[PDB]
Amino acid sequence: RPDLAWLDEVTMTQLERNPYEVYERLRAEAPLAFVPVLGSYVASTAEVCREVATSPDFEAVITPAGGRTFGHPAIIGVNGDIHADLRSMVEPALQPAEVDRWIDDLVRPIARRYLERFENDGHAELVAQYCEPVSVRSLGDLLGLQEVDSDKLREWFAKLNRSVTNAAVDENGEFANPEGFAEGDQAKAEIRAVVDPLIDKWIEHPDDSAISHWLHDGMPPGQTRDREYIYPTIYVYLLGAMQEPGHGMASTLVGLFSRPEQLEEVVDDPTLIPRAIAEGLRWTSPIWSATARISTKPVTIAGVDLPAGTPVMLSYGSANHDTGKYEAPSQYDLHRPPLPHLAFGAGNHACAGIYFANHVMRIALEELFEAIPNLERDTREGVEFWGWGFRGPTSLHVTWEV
């Protein structure tokens, strides 16, 4: 496309570092555009993302580097009967009535445990010391990985993140950085060594862990889902389900710190924490551009005639800055009206764990503000955000008077 020749000079590092300038141009110039370094069409506006995500003429497809990492059948990358089974497999523990039975007793003790390690220090780096540990320890316990330390769960989702978002392609459409998949492969090898004995035990001795239920639920007597059939969805969980609540927490805190009067409002009135988190997810979407759909027949979208079999990346993080929907979207504003957002996706492949994720983030922020009501950002340190596929702050240094 001639007028978009500038996209030929967009680099993967630029998008990782800050994708918002390029995507602001895309939303104005070409809401559906082929980005050469990504090797794919990308949807940048709310209208196009929503249309593709909910269209009967599209189905799910995994991004190329996502497929290289996860294989088949990743719940995010399959359709039809297999997708229906995998959705029925994961949905029981995510049902709102079920989450509300036990989410407080799960997350609140975990939050307190991590807070107790630093709440009297006067200083902390909240990403590593609080947001990521609460996120992974909560989900890890739900899954049945109680004995996998939070440090290891965090390492796994970091390696899986880098492998899944190793998206850069060269002039021939080939992956430009094939060595970048190696740490994904090594994370998977470590996960197998840890989880295979757990699956061995759950097959014979089912318990209340989610993965035991993934093996046994809805199966004939004495049968379990094959472990090779469920492992790719385990990997999906060990990346985004482990990573994203911690990133949503942290981005919400950075946004609130950027509006000090609003941080004070939320500390004074913790019933505003859910609204603060919803704005945080719009403001810096944790899953920024990590899923995709593929056309199943010829379609015209945003003036582009697409053949059947065309993948389209859903850059929801860009859609959530659509100035057709929001005023000054790069500014965090708790008092924005509660409008629809796309941080959880849309359609049949929309996020399955919204209700759980929102509660994890809410409880974690509740306990943090109760423990450290005078929390302040350490302005001597910068906050850098990183990530095009998944985006969040790489650290969050804070201080408080002890």
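Throughout, we count residues from 1 along the sequence that is shown.
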field: Higher-scoring stretch by recorded Cα B factor average, 208 to 216 or 300 to 308
entry: 300 to 308
- prompt: Can you tell me which stretch has the higher mean Cα B-factor, 329 to 337 or 361 to 369?
  reply: 329 to 337
statement: Highest CA B factor of 321, 112, 72, 83, as deposited, is found at 112
field: Out of 133, 96, 197, 317, residue topping the C-alpha B-factor column of the entry
entry: 197
query: If you rank every modelled residue in this chain by C-alpha B factor, which third holds residue 352: lowest, middle or highest?
result: lowest
query: What third of its chain, lowest, middle or highest, does the C-alpha temperature factor of residue 151 fall into?
result: highest
- line: residue 54: CA B-factor among chain residues, third -> highest
message: Quick check for you: using the entry's CA B-factors within this chain, is residue 374 in the lowest, middle or highest third?
response: highest
Among modelled residues of the same chain, the CA temperature factor third for residue 118: highest
